[PDB]
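Undergrad: Sequence plus experimental coordinates follow:
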Amino acid sequence: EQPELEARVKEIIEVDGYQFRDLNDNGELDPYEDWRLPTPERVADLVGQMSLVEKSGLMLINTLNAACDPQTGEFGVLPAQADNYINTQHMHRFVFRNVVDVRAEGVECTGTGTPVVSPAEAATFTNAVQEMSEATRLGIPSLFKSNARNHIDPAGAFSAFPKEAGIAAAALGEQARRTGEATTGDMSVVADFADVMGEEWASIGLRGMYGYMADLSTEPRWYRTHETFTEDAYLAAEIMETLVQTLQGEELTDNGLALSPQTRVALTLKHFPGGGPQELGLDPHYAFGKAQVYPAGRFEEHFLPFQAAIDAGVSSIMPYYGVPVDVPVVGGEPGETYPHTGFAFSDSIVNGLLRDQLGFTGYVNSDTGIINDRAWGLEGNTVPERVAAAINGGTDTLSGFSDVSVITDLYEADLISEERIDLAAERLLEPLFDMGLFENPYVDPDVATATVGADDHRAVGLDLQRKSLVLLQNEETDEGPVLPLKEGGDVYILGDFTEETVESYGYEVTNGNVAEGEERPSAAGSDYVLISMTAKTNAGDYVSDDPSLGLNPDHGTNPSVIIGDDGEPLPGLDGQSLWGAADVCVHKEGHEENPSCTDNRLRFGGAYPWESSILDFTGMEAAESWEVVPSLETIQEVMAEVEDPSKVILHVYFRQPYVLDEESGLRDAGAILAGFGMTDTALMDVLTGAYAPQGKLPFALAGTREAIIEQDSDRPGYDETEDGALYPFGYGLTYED
Ligand SMILES: O=C(O)[C@H]1O[C@@H](O)[C@H](O)[C@@H](O)[C@@H]1O
Ligand SMILES: [Zn+2]
Ligand SMILES: [Zn+2]
Ligand SMILES: [Zn+2]
Ligand SMILES: [Zn+2]
Ligand SMILES: [Zn+2]
Ligand SMILES: [Zn+2]
Ligand SMILES: [Zn+2]
Ligand SMILES: [Zn+2]
Ligand SMILES: [Zn+2]
Ligand SMILES: [Zn+2]
Ligand SMILES: [Zn+2]
Ligand SMILES: [Zn+2]
Ligand SMILES: [Zn+2]
Ligand SMILES: [Zn+2]
Ligand SMILES: [Zn+2]
Ligand SMILES: [Zn+2]
Ligand SMILES: [Zn+2]
Ligand SMILES: [Zn+2]
Ligand SMILES: [Zn+2]
């Protein structure tokens, strides 16, 4: 019956033999403090006593990182803006972005940066914010969200798993190992991962997530394919279902939300209705990439994973920045299309599709910076006008917006009704009640130390690392298949292999990784060449209003067209404009005089927009804003030096679905693997045969740039291209001894 309580500011009262937190400090048991009552009655009572500004503060969510004190040496103290956000803006939702890890030897507090914090220091920080929250007039608790933390970057003290697509590759591979088929996957793999994450996140007082991503990698030119699970909507739907059930629980409320005190992490699924199908792969963080296009008419396949998570009870939904171009309204009158504005401003999307058509009963969380930076389709509108349009469109909380006074001002100007603010307040407050946070919002920092990165948790991650690896090619030689490796030999390594780790398996290693000013030993005479390679963007020089770049006629024109709902094309988006002409620094269609460029330095990722279709390794080596690592030139020298290329093992990190073009010579390697993030001993354990590979690709790979240029950005695979796929979805070899 009686749930545990903890209070550091307010007092505990007991009534009818039960104890309660007196959060308004009146000395009596209000219904919102009365945990015996159903949540709607607790919310109604709480919303009844809030001032307008306290209600409007709930509609903001902003970065609140732990800081360090240069004079005490303590890490995990409150930042400067904590007092403002909690006490002046009345916020109770925050994004925690610090790396959680143990700092080296010698690290002292200094610099503008975001300090690294241990698990115990992270818990101390979030407790302190909860302490400051309880100290407010009604002592409403706070909720921290974060992006993903448990993935190897090819994190910190959290237990390390492969990237999202590696988890899907492992799930498909274990289905095929049990059934013979690779369709929707073995979801015990996903549940095992989610179980470790939920336990570790909750132990530091991190009870929400910006994620996971249900977006589909149907457009290989989209730089965010690196954080998608799959291109296939039905596998994605099965994964989102399992993530909600495991992270939120299977216990549903009467509203149909999987929210209980058993909820370890409440998910804010992103990015609705699906960020995958970007025109030319250009991303809507950037002005030139506002458009999402659906040439194969698959808009409904893309919100199918969201559908599945909504039914499993997911807490929260984040719309993407994108603009849906000419999309028929689901369940609407004939000839109706969705507005050509960003998703969070469209009542048709957030209230119509998400709530009315799909039945979502939770709250809606904007993506970060839609108001000031990415108010797509609202370029001429003011900031207050943009706030009202997102809130009235169905968006309940604004990520990256700080200023509660703008919402109160919009109320006094009758641009947002108080009935709408009450509705947002209800949706935002209910999960905090249902998750037990009004009763006890604190955590034990020392239990975090014993939980984050536990040995058994790390073991689960290691298993999935080994099961994510996909064997794509393993050529038969006179002495048998290239893989697994034989015992002993001379091994040449290139790329991110640790020499002593490879030596430890009983090989003599020659390291081709030399600095730019030293000569590289030849690979001649090696029994094996281990190359670990990938490609990266190097687009930090991009400037939208620079005639050398964004305004350079030699870079061509942006083919993307978006006709505004007023009848005029969006700036720089008429299909004839220079790439940089869509940036507000160029068009200046707002209220405000020389606006900064939003696209400068492409700081979120992605190549130069004129280079977004160069996904082949040969093209990428020559491209201005792509880089092959190690260089394709060095790789090609090395493969010639060994003379017999079947002695070369390529381990490739397909950050995007890169194209192994025949001109590049990479297909002459004896073995090719796709890796999604592993320790060196996990990969050496598979290469040397202690374990056999079993992963299967959760997206198809193409063989030509033409297939890249021809495929439909909203359709999976390459079956409609002339050249087709090099490797299809669900493909992957093993050792057959
Ligand atoms: O972390 C954030 O605030 C968000 O940043 C935005 O740029 C991304 O679109 C979203 O996926 C992140 O969750
Ligand atoms: Zn007191
Ligand atoms: Zn009573
Ligand atoms: Zn009270
Ligand atoms: Zn105030
Ligand atoms: Zn408040
Ligand atoms: Zn990445
Ligand atoms: Zn199911
Ligand atoms: Zn786009
Ligand atoms: Zn009035
Ligand atoms: Zn303790
Ligand atoms: Zn454990
Ligand atoms: Zn054989
Ligand atoms: Zn030696
Ligand atoms: Zn020219
Ligand atoms: Zn150029
Ligand atoms: Zn003005
Ligand atoms: Zn050379
Ligand atoms: Zn496609
Ligand atoms: Zn051709």
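TA: Sure, I can see it. Numbers count the residues shown, from 1 in each chain. Ligands and ions are numbered 1, 2, ... in the order given.
Undergrad: What lies in contact with the helix or strand encompassing residue 471?
TA: Element membership of residue 471 [criterion: DSSP states H and E] is strand 470-474. Contacts with strand 470-474, where a contact means Cβ atoms under 8 Å, 6 or more residues apart in numbering, come from 169, 173, 481-483, 667, 669-675, 693, 695-697, 701, 727, 731-735. All C-beta spots, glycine's among them, are computed from the backbone N, C-alpha and C.
Undergrad: of all of the stretch 601-737 of the chain, which residue lies closest to ligand 9?
TA: residue 713 (8.8 Å; Cβ to the ion).
Undergrad: Restricted to strands, list the contacts of strand 470-474.
TA: Applying DSSP state E to these, the entries found in strands are 481, 671, 672, 673, 674, 701, 727.
Undergrad: Give the buried subset of those residues as a PyMOL selection command.
TA: Typed into PyMOL, the line below selects the buried ones among the ones in strands among the contacts of strand 470-474, using 16 or more other Cβ atoms under 10 Å:
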select buried, resi 481+671+672+673+674+701+727
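Undergrad: Redo the ones in strands among the contacts of strand 470-474 as TSV? Include distance to ligand 9.
TA: Output for the ones in strands among the contacts of strand 470-474, formatted as TSV (distance: Cβ to the ion, whole Å):
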residue	distance to ligand 9
481	43
671	37
672	31
673	31
674	26
701	23
727	26
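Undergrad: Let me know whether residue 307 touches residue 354 as I believe.
TA: No: with contact defined as Cβ atoms under 8 Å, residue 307 and residue 354 do not form a contacting pair (10.1 Å).
Undergrad: picking that back up, which residue is the nearest non-sequential neighbour of the residue of the stretch 601-737 of the chain closest to ligand 9?
TA: The shortest distance from residue 713 to any non-neighbouring residue, by Cβ to Cβ, 6 or more residues apart in numbering, is to residue 219 (4.0 Å).
Undergrad: so how many other residues sit close to that neighbour?
TA: 31 (other Cβ atoms under 10 Å).
Undergrad: hmm, back to that, and the ones in strands among the contacts of strand 470-474 near ligand 4, which?
TA: Here nothing survives when those are matched to ligand 4 using Cβ under 5 Å from the ion.
Undergrad: Pull the most distant pair out of the ones in strands among the contacts of strand 470-474.
TA: 481 and 701 (20.9 Å; Cβ to Cβ).
Undergrad: mind listing what the residue in the stretch 1-150 of the chain positioned nearest to ligand 19 touches?
TA: Distances between the stretch 1-150 of the chain and ligand 19 by Cβ to the ion are smallest at residue 148, namely 24.3 Å. Residues in contact with residue 148 (Cβ under 8 Å, 6+ apart) are 164, 209, 211, 212, 227.
Undergrad: Pick the one among these closest to ligand 6.
TA: Nearest to ligand 6 among the contacts of residue 148, with distances taken as Cβ to the ion, is residue 209, at 22.4 Å.
Undergrad: Confirm the closest one sits in a strand?
TA: Yes: judged by DSSP: H, G, I helix; E, B strand; the rest coil, residue 209 forms part of a strand.
Undergrad: beta partners for it?
TA: Per DSSP bridges, the residues bridged to residue 209 are residue 267.
Undergrad: Now for it: which residues touch it?
TA: Residue 209 neighbours (Cβ under 8 Å, 6+ apart): 145, 146, 147, 148, 201, 247, 265, 266, 267, 268.
Undergrad: end-to-end on stretch 90-100?
TA: Across stretch 90-100, the terminal residues are separated by 27 Å (Cα to Cα, to the nearest Å).
Undergrad: Show me the helices in the stretch 151-300 of the chain, by range?
TA: Counting by DSSP state H, counting those that start in this stretch, the stretch 151-300 of the chain has helices at residues 164-179, 188-203, 233-248, 299-312.
Undergrad: Can you list the neighbours in contact with the second one?
TA: Counting contacts by Cβ under 8 Å, 6+ apart, the residues outside helix 188-203 that touch it are 119, 123, 146, 149-150, 158-159, 161, 167, 170-171, 174, 207, 209, 239, 242-243, 245-247, 264-265, 443-444, 447-448, 451-453, 457, 460-461, 463-464, 467.
Undergrad: before we move on, the earlier item: now tabulate the contacts of residue 209 in a markdown table and tack on distance to residue 325.
TA: Formatted as a markdown table, the contacts of residue 209 follow (distance: Cβ to Cβ, whole Å):
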| residue | distance to residue 325 |
| --- | --- |
| 145 | 30 |
| 146 | 32 |
| 147 | 28 |
| 148 | 29 |
| 201 | 37 |
| 247 | 33 |
| 265 | 34 |
| 266 | 32 |
| 267 | 28 |
| 268 | 25 |
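Undergrad: Now, of those residues, which are buried?
TA: Buried subset of the contacts of residue 209 (neighbour count, 16+ other Cβ under 10 Å): 145, 146, 148, 201, 247, 265, 266, 267, 268.
Undergrad: Between all of those, which two are separated the most?
TA: 148 and 266 (14.6 Å).
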